[PDB]
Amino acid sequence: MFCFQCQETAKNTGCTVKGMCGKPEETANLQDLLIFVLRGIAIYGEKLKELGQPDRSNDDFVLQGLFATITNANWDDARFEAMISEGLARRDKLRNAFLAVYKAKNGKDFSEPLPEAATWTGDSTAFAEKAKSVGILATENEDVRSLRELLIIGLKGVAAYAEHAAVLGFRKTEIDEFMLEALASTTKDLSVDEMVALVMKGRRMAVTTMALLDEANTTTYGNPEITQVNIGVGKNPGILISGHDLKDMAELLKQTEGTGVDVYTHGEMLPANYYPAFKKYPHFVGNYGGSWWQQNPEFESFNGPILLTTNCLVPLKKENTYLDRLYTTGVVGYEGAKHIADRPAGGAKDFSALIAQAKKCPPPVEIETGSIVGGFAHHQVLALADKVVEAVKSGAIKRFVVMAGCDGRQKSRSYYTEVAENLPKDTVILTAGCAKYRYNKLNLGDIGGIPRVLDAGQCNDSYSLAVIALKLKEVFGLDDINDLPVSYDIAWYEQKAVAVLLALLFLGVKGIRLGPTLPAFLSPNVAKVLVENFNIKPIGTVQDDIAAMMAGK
């Protein structure tokens, strides 16, 4: 196999026998073959748009297919075989439409050569062998490989955010058209300048898509507000919901009201505690446990059913006993785990089976007690603008440090905890995404009643951090966003974090520290281009980086 798309890839070069995440050869190769089929849909879809007869019938299929290949999302080979079969049939419908329109507009049959993605077919028995030959290493030139895979990695992150928006009813044609432009590009031989341009365009579309999801979440469920979240447990059986989808949360809360089963959040569902729409349910207890990678012991101790709405789902250990109470939904899948089917239009998912099961389970084991504060998204922070700005002016807040991003397993990540603890007492940490769990249960106190850690929400709520920085720039009358008293020390793990990075580069932020390693998917020449344009830096020692940031450097 070959896969290099997350931070934990083997030796920082590539997983080649079995993924460090657990992904086996056969599953890794089926994901490659699905991306191959998606490029084939994109070739005809782009050509039909060119001829003035665009077809939007595959928009959701393309989003879900890219999302299913994100790290820790879907582990069920049968699901990939089904999507590959469906994708071939969708591609062939587009092919037939294109051939007829081409002939009508040109007065002859189309006769130009097309990439294999556009033509190959087989039944399911052919998939495993074909899959070996269509993967990342088929691109021989290392710099073309880096730029193609960088684009597809960023695109997957954008597609995940766009899928959440689409679930809530919010779509922009430009985003779905871009998916096809980008995928089709990876079958063409383009200049370096053209490939870099498409990566920057993806950063631009990450801004558009994060804006759309911010609008969808806040219009539907309200603006986030300051909230104290309980981290201990109650005395009823519960259901634990993980992942990122807020519409699944809204339906779960409604269906559980009055049943004597409590609801708890986990991981990137923490921010659901912050939304006005959800705060009105008494049986919504609080947040259980820590970061995604600690899930095996914590899902075990939770005792009740667990529902994964998105990544990250980690494979069970041999000793784990919770398979019979693990449920997947959306693009998530796992062999042997029960799957909750998609809602009909205008209707809702059916969670009745989880509720029935939970009534049979013991209450959760308590793993800690106390509370966390959060809810500082853009509406809430702008409401406090006078106070924050005032505090900057007196020098009580000397610097903001953005420590948003995504967490992971490696021991080097203690760097982020130790930075948080050793920053000076007149600084404030801005965060979003599961990187927060490295420091959100420390007591770092406050400055004048502003908490020293301000949690804006899920990784997608990095958008709020940009909106805040743009406003401060206007208030202080600076010509360049980079001259604000803000430093960026961002941790990454999977492809949504890459989309957030591309958005920050599109907005012109330079001097970002990215860690705890730099991506394996940057070749030397491509890394140079990003360094010289954007001044991205690796992390150093805790002491050395703190001194540097406090200096604006």
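Numbering starts at 1 and follows the sequence shown.
Q: Per the PDB record, is the mean Cα temperature factor higher over 15-23 or over 541-549?
A: The stretch with the larger mean CA B-factor is 541-549.
Q: Looking at the deposited entry, does 274-282 or 400-408 carry the larger mean Cα B-factor?
A: Mean B over CA atoms: larger for 274-282.
Q: According to the Cα B-factor stored in this entry, which of the following is highest: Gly515, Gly511, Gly40, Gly52?
A: Reading the PDB entry, the winner on C-alpha B-factor is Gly52.
Q: Just grab whichever of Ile481, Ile175, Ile153, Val229 has the top CA B-factor as deposited.
A: So the option with the highest C-alpha B-factor is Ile481.
Q: Using the B-factors in the PDB entry, rank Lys471's C-alpha atom against the chain and give the third, lowest, middle or highest.
A: Its C-alpha B-factor, which the entry lists for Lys471, ranks in the highest third among residues of this chain.
Q: Would the CA B-factor of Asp143 place it in the lowest, middle or highest third of its chain?
A: Answer is middle: the recorded C-alpha B-factor places it there.
Q: Grab the CA temperature factor for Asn533 from the record and place it in the lowest, middle or highest third of its chain.
A: Answer is highest: the recorded C-alpha B-factor places it there.
Q: Please say which third, lowest, middle or highest, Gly238 falls into when its CA temperature factor is compared across its chain.
A: CA B-factor rank for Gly238: middle third.
Q: Ranking the modelled residues of this chain by C-alpha B-factor as given in the entry, is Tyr322 in the lowest, middle or highest third?
A: Lowest third - that is where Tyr322 ends up once the chain's C-alpha B-factors are sorted.
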